[PDB]
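Beneath this line is the structure, given in C-alpha cells, with notes to follow.
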Amino acid sequence: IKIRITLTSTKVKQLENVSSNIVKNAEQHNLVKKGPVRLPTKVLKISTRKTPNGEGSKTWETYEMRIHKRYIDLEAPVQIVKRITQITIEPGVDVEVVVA
Amino acid sequence: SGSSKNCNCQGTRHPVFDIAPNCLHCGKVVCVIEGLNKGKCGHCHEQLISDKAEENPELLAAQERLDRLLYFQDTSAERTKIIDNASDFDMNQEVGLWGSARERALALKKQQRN
Amino acid sequence: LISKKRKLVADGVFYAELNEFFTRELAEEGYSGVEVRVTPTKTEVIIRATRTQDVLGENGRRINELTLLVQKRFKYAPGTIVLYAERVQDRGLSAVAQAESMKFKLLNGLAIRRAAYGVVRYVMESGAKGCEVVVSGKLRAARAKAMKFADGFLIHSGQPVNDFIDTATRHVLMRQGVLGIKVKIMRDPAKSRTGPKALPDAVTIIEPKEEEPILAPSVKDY
Amino acid sequence: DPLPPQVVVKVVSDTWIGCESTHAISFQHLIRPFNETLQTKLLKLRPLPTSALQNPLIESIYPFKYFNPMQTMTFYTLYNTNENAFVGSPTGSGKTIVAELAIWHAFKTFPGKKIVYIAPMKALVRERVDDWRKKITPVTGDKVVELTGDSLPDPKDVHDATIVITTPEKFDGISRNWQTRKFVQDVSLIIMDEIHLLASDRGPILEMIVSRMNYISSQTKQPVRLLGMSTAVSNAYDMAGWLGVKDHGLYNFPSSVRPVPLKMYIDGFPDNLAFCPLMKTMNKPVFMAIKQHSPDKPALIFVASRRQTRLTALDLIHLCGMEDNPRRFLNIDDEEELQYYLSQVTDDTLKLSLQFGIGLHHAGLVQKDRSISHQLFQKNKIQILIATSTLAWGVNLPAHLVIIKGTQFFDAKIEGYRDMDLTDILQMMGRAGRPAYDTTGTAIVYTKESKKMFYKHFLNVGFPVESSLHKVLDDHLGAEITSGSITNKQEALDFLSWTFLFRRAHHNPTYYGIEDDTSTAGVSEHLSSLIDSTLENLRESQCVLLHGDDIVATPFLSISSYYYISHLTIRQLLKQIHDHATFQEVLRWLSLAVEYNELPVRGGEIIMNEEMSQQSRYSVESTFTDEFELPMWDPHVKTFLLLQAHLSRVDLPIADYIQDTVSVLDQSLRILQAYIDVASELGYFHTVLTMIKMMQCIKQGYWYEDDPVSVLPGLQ
RNA sequence: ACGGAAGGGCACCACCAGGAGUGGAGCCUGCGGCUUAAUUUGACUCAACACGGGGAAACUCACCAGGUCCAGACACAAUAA
RNA sequence: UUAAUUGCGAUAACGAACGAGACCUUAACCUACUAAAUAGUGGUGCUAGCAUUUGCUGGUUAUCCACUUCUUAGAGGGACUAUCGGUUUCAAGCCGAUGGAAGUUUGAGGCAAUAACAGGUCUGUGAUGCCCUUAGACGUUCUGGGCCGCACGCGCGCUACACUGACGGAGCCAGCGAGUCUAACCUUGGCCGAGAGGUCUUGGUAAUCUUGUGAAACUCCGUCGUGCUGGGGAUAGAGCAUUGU
Ligand SMILES: [Mg+2]
Ligand SMILES: [Mg+2]
Ligand SMILES: [Mg+2]
Ligand SMILES: [Mg+2]
Ligand SMILES: [Mg+2]
Ligand SMILES: [Mg+2]
Ligand SMILES: [Mg+2]
Ligand SMILES: [Mg+2]
Ligand SMILES: [Mg+2]
Ligand SMILES: [Mg+2]
Ligand SMILES: [Mg+2]
Ligand SMILES: [Mg+2]
Ligand SMILES: [Mg+2]
Ligand SMILES: [Mg+2]
Ligand SMILES: [Mg+2]
Ligand SMILES: [Zn+2]
Ligand SMILES: [Zn+2]
C-alpha cells in the first residue's frame, strides 16, 4: 500500500509531537513501519534596507523563515490508514497523505 | 471492464449495484465496482445476472414491508417527535399566515353579530 | 498544486490579510488577535475579542456575515471556512485591548496625563510585571513631543523580550493631527506556562533540610 | 445533526436593562469514538429465501420462507465467513432466527461441536431452550444441555452437548477451569445476547469473559468467533473495537425503524412528594390513559417497587368500579369455566384481582402463580399486566401500551432514591407493540418535572454503554491469572489491556473519575494506580506476597479458581480456623460469608429475629461476642438463626423468611465446600470430620443429636 | 559645553609595523553646472552622491507637446415621456 | 581589575531598576541515542574490460541482505579558562605550560537603556492636520519625447598597464540558493547552426530533476619574448539572432 505522510510545519516542537504519536501508533498496531525522515531545514531569507526612505547609513536587515519537513512511510491495509488522517491535526502543522 | 480487482467491500465503502445488490447463491453483496468489472460472484463464482400469481406470493409481500422499512427510514425525521401535553403545536405550515391577523377578524365580526 | 516553499509563505499572508480585516471591522468589539488552524476538509478560524456577544450577535448574525465575507474574497467553498468567537483571558494583560482603551479616552476629550495613568494602573492591577505606554504628537501645542508613562520594570534586550513583552501600536486621529500610541506589557514569568517560567538570569536554590548527627552507630533490622 | 459553530450560554438579569453576560464555548474534542455509526436502510430489495441455502435438512425446517428484511447487511455474510460481527437488533426483530446463524456459520464445516450461547438472565435461559427442543434437536439430531446453577448435568452429556445456554456468572465458574477442564477445547464461536448491560451489576461478569477468549486466541494462534446481539447502542465504534470485529460487517440500526412503530408521551407530576404520596396523584391519570390509548387492547404498567405492584392494583380496580363493567374485558363468557381458573388461584391479591381483567406478577408468589398471569394474557383474557421492571428480560409479552408508573426506584447502596439508568426503561419499551397483531403501539413515561426535560432530550438518542467493572474489579482480577500466567507487574498491565475499560477510560476519563489529565499518558498512571490498588487491597487479606516486582500465588490464593471465591471473605475468617472445630463454632462461620450480605433485612424484622434468638439452640448474644459481636439487624445474625430453624424444623413466623431460607440454603452447600478444601490443605483431620456432619444435617434438616432413621418418610 | 589644561583608560569608521588600494588612463554610474519645451524630484561633512531597494525604450512617471473621461457620492431646485 | 559602574573592595548611605552580561541564531566536537532507496557504505545476484591465480575499475532499480563512518536532522552531552607553575591588599583577576574538537567574553551576528537631532521621510501606505486644485481639474487614461541630453568639476566603482604574463590544448575541485496551475518556470537529452541561438521531447511543486551546478582563479604540456609587443580593449563600420506590440 506504501502510505506516505509529509509534515511541513514551521514550528518544530508540535511537529515533533505529531510525528511522535504516529510512529508509536503503527508499532502498537503491529504494523511494518518505516522511521521518520527529517529533510534538511529550509531557510527562507529576505534581506532589505531598514529605512523607508533613501537616507542614512546603509544598514541592512535579514529576516528568516524556517520550514521543517518530515515524512513517515506506512504499509498496511486501507481500513487502518483511513483511521489515521482524521486525527493528529494541531494548529499550524500542514499534513497530507498520499496513496501508493 | 475486465478488471481483476475483486471489490469485496459489500457496500461498506462503495454504493451497491442497483441491478445486482447481492449474490442469489451465497448472499455476497455486490457493489457498483464489483458489478461493473465482473458479472460473476466473488465468493461462489455464480452468475449475478442471467444472459402476481406466477410470482411467489409472500416474496412479493416481503418487499412490500421492506420498501416500507426503507420508507420508514427515509421518513424517520418526524418519527422522533414527542406528543407531550405542554406543546402548543401551532400547526402553521411555515409562517403564522404571513404574519398577519385578519382571519380572526371574522370571529370579531361574528362576536359583533352575537 | 503549490510548492511548500510558496504554500507556507502564502499561508502567512492569508493570516496577515485576515488579521488586518478584523482589526478594521471589530475595532469597537475589542478585537485582540486571530488564530488560523487548518484541518483537512474543515478550516476553522478563532476570533479573540473582549465582547463575545457583539462578535457573535443574535443567532450568530455578525459571525455569519463575517464568515460569509471571508467566503467571497478568498473563494472558499461553503462549509469549508467556519469562524469562532472566544473571549480573551486576562484582558488586562493584552496590549492590543489596552491600546484601544488609551485611544478611546483621548477621543472623548479626556486629559492625556490622567488617561495615560489610568491605562497603566489597570494593567498593573491585572498582574502584569511591567507596563509602558508612549504617547507622541502635538500635545497641547503645535510643537510635537513625546510623553512616556510606565510602571514596574520592562526589559529591553535579548530573547526574553519576545517571550514576555507584548507590543501594540494604534494610531489616533484628532482634529490637530495624529497622535501615536505604543503599549508594551510585561507579564509575570511565573504564569507563562509555555516555555520559560523565569528570566534566564534568575537562580533559585532549594533549601536543604537540616539533620542532627546520630552520634551513635545503630541498626534498624527488619 | 449539523454541528453549530459553538455553544452559547447567556445569562440575563430579570429587572435591569442590559445586564447581560455571554459565553461562547467551543468543542473541538470530537474524536472517532464520539460518533454514531448507524447504517442507512439501503436498496437490497431481493433476498435469499430459504431455497438459497444449499442444505435440504435446514430448508425442510423453518417454514418461514420470506427472509428477514431487517437483516439487510447480514443475510449470508456470517454464513460463510469466519469474521467477528456485531449485530444491533431493536425489539424482537429476529432475535431467534439470527441466533441460529451459529449453526449456519461453521457447523457445516465441522459438525459435532459445543458452541455456547450466553444470556444475561436465567429467565432467558429457559425460553432459549424450551422453544428449541422441538425445533433443532428432532431434525438436526443434536442434543442441547442446560448449564446453570440449579442444573448439574453429567460431564459426558456436556461434552456431547451441541449448544450450551449459560448466564455469564455460571460460565465464570466453569471458565475458572480453562487450564485443566478438557471440556473447553471446542470453542470456535461464542454467541451472547443483550450485551449492553455493562452499566449493570452483571455486565462486568460478562465483560471479563470476552477478554478471556482474546488471550486464548492470541496465545493458541487460532481465531475464536464471536457475535454481539443487542439493541441500538450509541457508542458502536468502541464496542466494535473491543468485540474484535473487522470492517466487513457492523449492524447498528436506530430505534426509528421497527416492525411496529412506537409512540411515546411525556407527562409531569408535582415536585412536592418524595416517593410515597406520588402514587395517589399518579394512579388516577393511569386509568384514563388505559381507556384512551388501549380501549380494547392489552396494556402494561411497570411499578417501581414490589409493594407498588399491589397499591396500583388496589386503586386501579377501585377506580374501575365507577364505569360500565367493573369486571371489564375479563374475556370469560362461560361462568362455569370462570370458576375453573379461579380454583387454581392460591391467595392474596391474585384471588380478588384476576376477575377484573388485571394480572399481577412479582417475585412473591408460587412458581406456578407467576405463569398463570401469562397464559391468560397469552390468549388475551386479562388486559393489565402490572409487574416489576425485572420482567423486561423474561417471556416476550405481546402488549401494546407500556406505562412507566413513576420513576426513581430505590437503591440500597445510597440509602436513597436514585434516577433509573437509561438501559432498562429503553428496553422496557420493546414490550410495547405486537408484531402482526396491531399497527402501532404507544408508550408513556410519566416522571417528575426536573427529570421531564431529561427524558424528552435523550430517550430516543440514548447514552453510551459504560463499564462498571471497577466496583468488583478486585474479585475478578485473579479469575484468569491465579493459574500462574503472569508473575510480574510489568505484564500485569498487559492482562487488562484488551478489556472494555480502556475503550472508554481514555475516551471518557470524566465518567471513570479521572480529573487530572485526559490524555492517554495522563490516564496511564491513573489506570496503573487502580492496578496498584487492586494488588495492595489483596495484601491485607494475606493472599498474595510481594517480592518487589514479583507476585506469589500463595496457598491462600491457591483456592481462587475451580470454585467461586470472594477474596474478602478469606481474611475475615482466616484467624478463626483450628483443628478441633466444634459444631457450634462452624455454624457461626457459615453465616459469616460475605455472599450472604445480599440477604435483605426488612423493617421490623428485628422484633421477630430477637424472639427466635432464645428459641434457637445457640443464641446470637451467646455466639457473637467481643470482636465478633454483630448488630441484630445484620443479615449474618438473621442467617445464623435461619439455619438453626431449618435444623430444628421450626416454623418461620412469616412466609418471607421462607424465601430467604431457600436462598440461604441454596448457597449453603457451596459456601461449606470452601472450608473443606481449606481444612484439607492444613491437614486438620478433626475439622474435616466435623464438616461432614454439617451438610448431612442441613440436607435433611435435622440436628446432629436427632436420629437419622426418623428422617425417613412417615416418621416424625 | 568648551580649553593649543592635568590625570587614567580605550578605537585600524585613530596612529605605529605593513598589506592592498583610491587620487593618474578608458569606460559604467550618481551629484553640481550648462543646455532645453521638459531635461521631474529628495538628500549638501562624518551622518549624500551603484543612496531613495532609483539596473527608467512604452508602464513605472511625479516633467514636456497634445487628445479623451469623470468614476462630482448624496441632498435641494430647474428641464422633462 | 574587566570588553563592560565588570567585580574585589572602601564607604552618609541602604535597598533596587534599565543598560552590559545572561538570552537567541549560526559555525565547528561526538565511530554516543532514534533513524533515513528523497543520502550513502560493504557484501550477495546479472554483466563490461585486463590479468587471468585470489584482483582492479566499473554498470545495473522494483536483484536483495546488514550498517549509519561520511550526509541530513530531532533528542543529549561537551568548556566552567579544567590541571599545574608564577604575580597580586597575596581579592577580583592576569601571564605561561599541559590536556582539549574547541581556552583573544571560542568566532560572528540578533536584540540592544535615558536624553536628544527642530537629521531623513508628506514620492510606501485609504497614516495625517492645514493650505492649493477640484471638470479645456495638479484626478485618471491614450500617443510621442525626457529623466541618458555635454564646454566642464567631484564620489562609489570595473578593465588593466605584462613573462608572479598572454594565448592554445588538456587536469579538474566548491558552497549559499532557486525553479510552472489555470501557469506557462528551472531546464538535462537527441538534432541543426561558427557563434549567438532554433526544433522535438524529458524530469521536477523539488535531499530525489536541472545539479557532482564538472565555477573561476588555478595545475601540467606547448607558442610568444621585452618590442604600446600575441599588454590594453574604449573609440568606429558591416553582418547574424534573441527579449519585447
Ligand atoms: Mg585593537
Ligand atoms: Mg600606516
Ligand atoms: Mg585597481
Ligand atoms: Mg559615526
Ligand atoms: Mg534600462
Ligand atoms: Mg517613461
Ligand atoms: Mg506616459
Ligand atoms: Mg552489479
Ligand atoms: Mg593558580
Ligand atoms: Mg557577544
Ligand atoms: Mg515614510
Ligand atoms: Mg537620474
Ligand atoms: Mg556608498
Ligand atoms: Mg554541491
Ligand atoms: Mg588582448
Ligand atoms: Zn465496492
Ligand atoms: Zn455467491
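Identifiers for the C-alpha cells are assigned positionally: chains receive A, B, ... in sequence, residues are indexed from 1 per chain, and ligands are indexed from 1 in the order shown.
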
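Around ligand 16, the neighbouring residues within 8 Å, taking only C-alpha atoms (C1' of nucleotides) and all ligand atoms, come to residues 7, 8, 9, 10, 11, 12, 13, 14, 15, 16, 30, 31, 32, 33 and 34 of chain B.
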
Near residue F:230, within 7 Å and counting only C-alpha atoms (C1' of nucleotides), which residues show up once chain neighbours fewer than 2 positions away are dropped, as a PDB file with N, CA and C atoms (P, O5', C5', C4', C3', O3' and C1' of nucleotides), in the first residue's frame?
ATOM      1  P     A F 166      47.735  36.180 -17.556  1.00  0.00           P
ATOM      2  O5'   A F 166      47.646  36.272 -19.143  1.00  0.00           O
ATOM      3  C5'   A F 166      47.340  37.502 -19.785  1.00  0.00           C
ATOM      4  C4'   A F 166      47.580  37.417 -21.271  1.00  0.00           C
ATOM      5  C3'   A F 166      46.936  36.231 -21.971  1.00  0.00           C
ATOM      6  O3'   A F 166      45.574  36.454 -22.286  1.00  0.00           O
ATOM      7  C1'   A F 166      49.196  36.394 -22.627  1.00  0.00           C
ATOM      8  P     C F 167      44.521  35.244 -22.215  1.00  0.00           P
ATOM      9  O5'   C F 167      44.862  34.367 -23.498  1.00  0.00           O
ATOM     10  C5'   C F 167      44.819  34.936 -24.798  1.00  0.00           C
ATOM     11  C4'   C F 167      45.514  34.059 -25.808  1.00  0.00           C
ATOM     12  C3'   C F 167      45.046  32.616 -25.871  1.00  0.00           C
ATOM     13  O3'   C F 167      43.852  32.456 -26.612  1.00  0.00           O
ATOM     14  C1'   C F 167      47.404  32.677 -25.861  1.00  0.00           C
ATOM     15  P     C F 224      57.644  30.521 -30.899  1.00  0.00           P
ATOM     16  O5'   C F 224      57.055  31.860 -30.267  1.00  0.00           O
ATOM     17  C5'   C F 224      56.249  32.741 -31.036  1.00  0.00           C
ATOM     18  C4'   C F 224      55.764  33.909 -30.214  1.00  0.00           C
ATOM     19  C3'   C F 224      56.847  34.826 -29.665  1.00  0.00           C
ATOM     20  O3'   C F 224      57.196  35.826 -30.608  1.00  0.00           O
ATOM     21  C1'   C F 224      55.218  34.330 -27.982  1.00  0.00           C
TER      22        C F 224
END

- Could you pull out the residues in stretch 128-357 of chain D that DSSP calls alpha helix (DSSP H) from the backbone, as JSON, numbers by chain? {"D": [128, 129, 130, 137, 138, 139, 140, 155, 156, 157, 158, 159, 160, 168, 169, 170, 171, 172, 173, 174, 175, 203, 204, 205, 206, 207, 208, 209, 210, 211, 212, 213, 214, 215, 216, 217, 218, 219, 220, 236, 237, 238, 239, 240, 241, 242, 243, 280, 281, 282, 283, 284, 285, 286, 287, 288, 289, 290, 291, 292, 293, 308, 309, 310, 311, 312, 313, 314, 315, 316, 317, 318, 319, 320, 335, 336, 337, 338, 339, 340, 341, 342, 343, 344, 349, 350, 351, 352, 353]}

- Message: Select, as a PyMOL selection string, those residues of chain A with any atom no more than 12 Å from chain B (distances computed using only C-alpha atoms).
- Response: chain A and resi 78-79+82

What would the file look like if the residues just selected were written as an mmCIF file, in the first residue's frame with C-alpha atoms?
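Once written, result.cif looks like this:
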data_model
loop_
_atom_site.group_PDB
_atom_site.id
_atom_site.type_symbol
_atom_site.label_atom_id
_atom_site.label_comp_id
_atom_site.auth_asym_id
_atom_site.auth_seq_id
_atom_site.Cartn_x
_atom_site.Cartn_y
_atom_site.Cartn_z
ATOM 1 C CA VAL A 78 -6.722 0.825 3.914
ATOM 2 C CA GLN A 79 -9.008 0.314 6.923
ATOM 3 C CA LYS A 82 -8.157 5.744 6.838
#

- Which residues, written as a PyMOL selection string, have at least one atom at most 6 Å from stretch 61-78 of chain B, with only C-alpha atoms (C1' of nucleotides) counted and residues fewer than 2 positions away on the same chain left out? (chain B and resi 58-59+80-81) or (chain D and resi 41+66+69)

Could those selected residues go to a file with C-alpha atoms, as a tab-separated table (two decimals), in the first residue's frame?
chain	number	residue	atom	x	y	z
B	58	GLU	CA	-45.05	-13.87	0.09
B	59	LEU	CA	-41.85	-12.99	-1.78
B	80	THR	CA	-38.81	11.16	16.65
B	81	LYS	CA	-41.42	13.73	17.72
D	41	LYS	CA	-31.55	1.34	5.08
D	66	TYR	CA	-39.65	-14.71	3.36
D	69	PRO	CA	-35.72	-7.83	5.70

Report as JSON lines: every residue of chain F with an atom at most 12 Å from ligand 6, its closest pair of atoms, and their distance in Å to one decimal, counting only C-alpha atoms (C1' of nucleotides) and all ligand atoms, with rows sorted by chain and ascending residue number.
{"residue": "F:144", "atom": "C1'", "partner": "ligand 6", "partner_atom_place_in_ligand_line": "1 (Mg)", "distance": 10.6}
{"residue": "F:145", "atom": "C1'", "partner": "ligand 6", "partner_atom_place_in_ligand_line": "1 (Mg)", "distance": 9.1}
{"residue": "F:146", "atom": "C1'", "partner": "ligand 6", "partner_atom_place_in_ligand_line": "1 (Mg)", "distance": 8.0}
{"residue": "F:147", "atom": "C1'", "partner": "ligand 6", "partner_atom_place_in_ligand_line": "1 (Mg)", "distance": 8.1}

File of the preceding selection, N, CA, C and O atoms (P, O5', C5', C4', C3', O3' and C1' of nucleotides), as a PDB file, in the first residue's frame:
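The resulting file, out_26.pdb, is shown below:
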ATOM      1  P     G F 144       3.700  55.464 -28.713  1.00  0.00           P
ATOM      2  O5'   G F 144       4.603  56.770 -28.827  1.00  0.00           O
ATOM      3  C5'   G F 144       4.819  57.386 -30.085  1.00  0.00           C
ATOM      4  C4'   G F 144       5.516  58.714 -29.942  1.00  0.00           C
ATOM      5  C3'   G F 144       6.686  58.754 -28.979  1.00  0.00           C
ATOM      6  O3'   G F 144       7.867  58.207 -29.536  1.00  0.00           O
ATOM      7  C1'   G F 144       5.320  60.658 -28.654  1.00  0.00           C
ATOM      8  P     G F 145       9.193  58.074 -28.642  1.00  0.00           P
ATOM      9  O5'   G F 145       9.863  59.514 -28.745  1.00  0.00           O
ATOM     10  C5'   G F 145      10.948  59.870 -27.907  1.00  0.00           C
ATOM     11  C4'   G F 145      10.911  61.332 -27.547  1.00  0.00           C
ATOM     12  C3'   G F 145      11.742  61.720 -26.337  1.00  0.00           C
ATOM     13  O3'   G F 145      13.102  61.927 -26.671  1.00  0.00           O
ATOM     14  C1'   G F 145       9.584  62.688 -26.172  1.00  0.00           C
ATOM     15  P     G F 146      14.257  61.124 -25.900  1.00  0.00           P
ATOM     16  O5'   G F 146      14.382  61.895 -24.515  1.00  0.00           O
ATOM     17  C5'   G F 146      14.425  63.313 -24.471  1.00  0.00           C
ATOM     18  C4'   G F 146      14.184  63.814 -23.073  1.00  0.00           C
ATOM     19  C3'   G F 146      14.868  63.019 -21.976  1.00  0.00           C
ATOM     20  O3'   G F 146      16.218  63.397 -21.802  1.00  0.00           O
ATOM     21  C1'   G F 146      12.610  63.388 -21.392  1.00  0.00           C
ATOM     22  P     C F 147      17.306  62.299 -21.383  1.00  0.00           P
ATOM     23  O5'   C F 147      17.053  62.092 -19.825  1.00  0.00           O
ATOM     24  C5'   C F 147      17.122  63.198 -18.939  1.00  0.00           C
ATOM     25  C4'   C F 147      16.425  62.927 -17.629  1.00  0.00           C
ATOM     26  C3'   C F 147      16.943  61.752 -16.819  1.00  0.00           C
ATOM     27  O3'   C F 147      18.108  62.078 -16.079  1.00  0.00           O
ATOM     28  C1'   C F 147      14.578  61.691 -16.894  1.00  0.00           C
TER      29        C F 147
END

- Dump as a PyMOL selection string the residues of chain C that approach chain A to within 10 Å, counting only C-alpha atoms. chain C and resi 4-5+7-9+11+35-41+44

Store the residues picked out above in a file with C-alpha atoms, as a tab-separated table (two decimals), in the first residue's frame.
chain	number	residue	atom	x	y	z
C	4	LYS	CA	5.55	24.04	0.18
C	5	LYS	CA	8.06	26.89	-0.10
C	7	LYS	CA	2.46	27.42	0.41
C	8	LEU	CA	3.68	28.45	3.87
C	9	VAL	CA	4.52	31.95	2.64
C	11	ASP	CA	-0.41	30.90	4.37
C	35	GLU	CA	-5.60	32.32	15.00
C	36	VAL	CA	-5.93	30.07	11.94
C	37	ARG	CA	-5.99	26.28	12.30
C	38	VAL	CA	-6.08	24.08	9.20
C	39	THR	CA	-7.80	20.68	9.20
C	40	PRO	CA	-8.47	18.54	6.10
C	41	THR	CA	-11.90	19.36	4.61
C	44	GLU	CA	-11.55	26.94	11.26

- Task: Let me have all residues with an atom within 10 Å of ligand 5, counting only C-alpha atoms (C1' of nucleotides) and all ligand atoms, laid out as an NGL selection string.
- Result: (:E and (55-57)) or (:F and (148))

Restricting it to C-alpha atoms (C1' of nucleotides), dump the selection as a PDB file, in the first residue's frame.
ATOM      1  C1'   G E  55      19.963  48.285 -13.261  1.00  0.00           C
ATOM      2  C1'   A E  56      13.525  54.376 -16.191  1.00  0.00           C
ATOM      3  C1'   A E  57      12.890  52.184 -24.508  1.00  0.00           C
TER       4        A E  57
ATOM      5  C1'   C F 148      20.675  59.071 -20.963  1.00  0.00           C
TER       6        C F 148
END

- Task: Select from chain C everything DSSP, run on the backbone, classes as strand (DSSP E or B), then give the selection as number ranges by chain.
- Result: C: 31-39, 42-49, 81-87, 130-137, 145-152, 165-174, 177-186

- Message: Let me see if you get this right: every residue at most 9 Å from ligand 14, counting only C-alpha atoms (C1' of nucleotides) and all ligand atoms, written as number ranges by chain.
- Response: F: 174-175, 211-213

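Using only C-alpha atoms (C1' of nucleotides) and all ligand atoms as the basis for the distance check, residues found within 9 Å of ligand 1 are residues 10, 11 and 12 of chain E.
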
Go ahead and write the residues just picked, N, CA, C and O atoms (P, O5', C5', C4', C3', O3' and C1' of nucleotides), as a PDB file, in the first residue's frame.
ATOM      1  P     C E  10      43.710  50.069  28.564  1.00  0.00           P
ATOM      2  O5'   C E  10      42.374  50.198  27.709  1.00  0.00           O
ATOM      3  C5'   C E  10      42.428  50.274  26.297  1.00  0.00           C
ATOM      4  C4'   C E  10      41.126  50.755  25.713  1.00  0.00           C
ATOM      5  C3'   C E  10      41.072  50.779  24.198  1.00  0.00           C
ATOM      6  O3'   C E  10      40.775  49.510  23.651  1.00  0.00           O
ATOM      7  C1'   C E  10      40.260  52.826  25.042  1.00  0.00           C
ATOM      8  P     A E  11      41.603  48.971  22.392  1.00  0.00           P
ATOM      9  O5'   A E  11      40.940  49.733  21.163  1.00  0.00           O
ATOM     10  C5'   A E  11      39.541  49.667  20.939  1.00  0.00           C
ATOM     11  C4'   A E  11      39.146  50.456  19.720  1.00  0.00           C
ATOM     12  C3'   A E  11      40.151  50.464  18.583  1.00  0.00           C
ATOM     13  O3'   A E  11      40.099  49.290  17.794  1.00  0.00           O
ATOM     14  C1'   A E  11      39.383  52.662  18.969  1.00  0.00           C
ATOM     15  P     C E  12      41.432  48.428  17.550  1.00  0.00           P
ATOM     16  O5'   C E  12      42.001  48.986  16.173  1.00  0.00           O
ATOM     17  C5'   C E  12      41.218  48.928  14.987  1.00  0.00           C
ATOM     18  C4'   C E  12      41.415  50.149  14.126  1.00  0.00           C
ATOM     19  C3'   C E  12      40.501  50.236  12.913  1.00  0.00           C
ATOM     20  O3'   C E  12      40.167  51.599  12.670  1.00  0.00           O
ATOM     21  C1'   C E  12      42.773  50.126  12.201  1.00  0.00           C
TER      22        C E  12
END

- Item | Surrounding residues of residue D:233 excluding itself and chain neighbours under 3 positions, 8 Å, only C-alpha atoms (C1' of nucleotides), as a list in words |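 These residues fall inside the cut-off: residues 88, 196, 230, 236, 252, 462, 463, 464 and 465 of chain D.
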
Can I get the selection written as a PDB file, in the first residue's frame, with N, CA, C and O atoms?
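File produced: result_4.pdb:
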ATOM      1  N   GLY D  88     -26.854  -5.175  15.958  1.00  0.00           N
ATOM      2  CA  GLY D  88     -27.792  -4.476  16.813  1.00  0.00           C
ATOM      3  C   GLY D  88     -29.216  -4.606  16.312  1.00  0.00           C
ATOM      4  O   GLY D  88     -29.571  -4.031  15.280  1.00  0.00           O
ATOM      5  N   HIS D 196     -25.613  -4.968  26.143  1.00  0.00           N
ATOM      6  CA  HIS D 196     -25.374  -3.584  26.540  1.00  0.00           C
ATOM      7  C   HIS D 196     -25.590  -3.346  28.025  1.00  0.00           C
ATOM      8  O   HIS D 196     -25.864  -2.205  28.413  1.00  0.00           O
ATOM      9  N   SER D 230     -27.600  -7.336  20.455  1.00  0.00           N
ATOM     10  CA  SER D 230     -28.031  -6.269  21.346  1.00  0.00           C
ATOM     11  C   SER D 230     -28.989  -5.356  20.593  1.00  0.00           C
ATOM     12  O   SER D 230     -29.345  -5.612  19.438  1.00  0.00           O
ATOM     13  N   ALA D 236     -21.083   2.664  19.132  1.00  0.00           N
ATOM     14  CA  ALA D 236     -20.859   1.415  18.414  1.00  0.00           C
ATOM     15  C   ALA D 236     -19.383   1.185  18.115  1.00  0.00           C
ATOM     16  O   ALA D 236     -18.926   0.037  18.117  1.00  0.00           O
ATOM     17  N   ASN D 252     -25.810  -1.519  13.113  1.00  0.00           N
ATOM     18  CA  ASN D 252     -26.301  -0.512  14.052  1.00  0.00           C
ATOM     19  C   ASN D 252     -27.523   0.147  13.420  1.00  0.00           C
ATOM     20  O   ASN D 252     -27.391   1.060  12.600  1.00  0.00           O
ATOM     21  N   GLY D 462     -30.411   7.986  23.387  1.00  0.00           N
ATOM     22  CA  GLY D 462     -29.722   7.013  24.206  1.00  0.00           C
ATOM     23  C   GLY D 462     -28.364   7.510  24.672  1.00  0.00           C
ATOM     24  O   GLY D 462     -27.873   8.561  24.261  1.00  0.00           O
ATOM     25  N   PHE D 463     -27.745   6.720  25.547  1.00  0.00           N
ATOM     26  CA  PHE D 463     -26.461   7.077  26.126  1.00  0.00           C
ATOM     27  C   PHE D 463     -25.429   5.982  25.874  1.00  0.00           C
ATOM     28  O   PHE D 463     -25.788   4.817  25.674  1.00  0.00           O
ATOM     29  N   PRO D 464     -24.140   6.325  25.862  1.00  0.00           N
ATOM     30  CA  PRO D 464     -23.110   5.295  25.693  1.00  0.00           C
ATOM     31  C   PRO D 464     -23.155   4.280  26.823  1.00  0.00           C
ATOM     32  O   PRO D 464     -23.420   4.618  27.978  1.00  0.00           O
ATOM     33  N   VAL D 465     -22.892   3.026  26.478  1.00  0.00           N
ATOM     34  CA  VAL D 465     -22.827   1.968  27.476  1.00  0.00           C
ATOM     35  C   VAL D 465     -21.500   2.073  28.213  1.00  0.00           C
ATOM     36  O   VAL D 465     -20.432   2.139  27.594  1.00  0.00           O
TER      37      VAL D 465
END
